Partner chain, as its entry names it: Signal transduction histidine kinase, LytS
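Here we start with a single chain on its own, the form solved without the partner chain, put down as structure tokens.
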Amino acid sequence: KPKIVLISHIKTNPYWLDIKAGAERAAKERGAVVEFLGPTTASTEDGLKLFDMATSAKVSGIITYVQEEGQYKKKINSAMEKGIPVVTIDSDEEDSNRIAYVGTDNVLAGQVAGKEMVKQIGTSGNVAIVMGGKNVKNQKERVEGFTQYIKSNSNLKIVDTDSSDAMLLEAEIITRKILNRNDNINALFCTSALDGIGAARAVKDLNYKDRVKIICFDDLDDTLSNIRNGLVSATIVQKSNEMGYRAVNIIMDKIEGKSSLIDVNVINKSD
């Protein structure tokens, strides 16, 4: 049995458990084993260590999350040179020899969120940002696209940006801190899966629904309920299950000698 290591951002995050589910479905169909790994707290060094161990173990393939630009290139290329195929997932290391990237165009997803934000609150007002790690590659990319969009297409001001490190409780805490130190926030932009849930708890608890609208990421059950009940105005949905499934199929196609980025969708109370 071919063994494929899948290295996640955070092993217990429901987004990554969805990715794992897709990966396991593919592995079942293709007859491979998926070893699903990752740190309990976001850590580039831990990810790289898992990558090193996978490489030393001579596994059949490696699918890896990329937490920081330029930090993965060497190990990816060294693994490719040892004949181990690498796929990146849900954040890319574009300047490497990985055979494929499975995930979103993250700057573009940010632009998409910017357009929805303008649709939801108009062209004037104050926005605060909650990101899942300040120095995390696809978070920075999402903030970059969002910022570019609203800069060119509105008069919206970003008055505060802070980090949850992609944890739910920290998202709640930081969002309360943001609402407390700012006097006229009209909306929150949340860029990782648990951020929107945490932010929603904070706005609900502080009685800011609805003075504060929320645009966030991903379609976790709590987020979809918050869209139903009016707490969240919109969420930007990625195809996480499909990313897992596709990554494993690409690795297996490579091992068996057999031979475009994933669009995002907006979900509203309509949807």
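Numbering follows the first chain given and starts at 1.
Although not depicted, the form solved in complex with the partner chain is the subject of the following passage.
Though the partner is left out of this view, residue 68 does not reach within 4.5 Å of the partner chain in the deposited bound form, counting heavy atoms only. Shown alone here, residue 116 lies farther than 4.5 Å from the partner chain in the deposited bound form, counting heavy atoms only. With a 4.5 Å cutoff on heavy atoms, residue 58 counts as touching the partner chain in the deposited bound form.
Put simply, residue 162 is far from the partner chain in the deposited bound form: not one heavy atom of it is within 4.5 Å. Of the candidate stretches 129 to 137, 98 to 106, 181 to 189, 163 to 171, only 163 to 171 has residues with heavy atoms within 4.5 Å of the partner chain in the deposited bound form.
In sequence order, 33, 35 are the residues of 16 to 38 having a heavy atom within 4.5 Å of the partner chain in the deposited bound form; the partner itself is omitted from this view.
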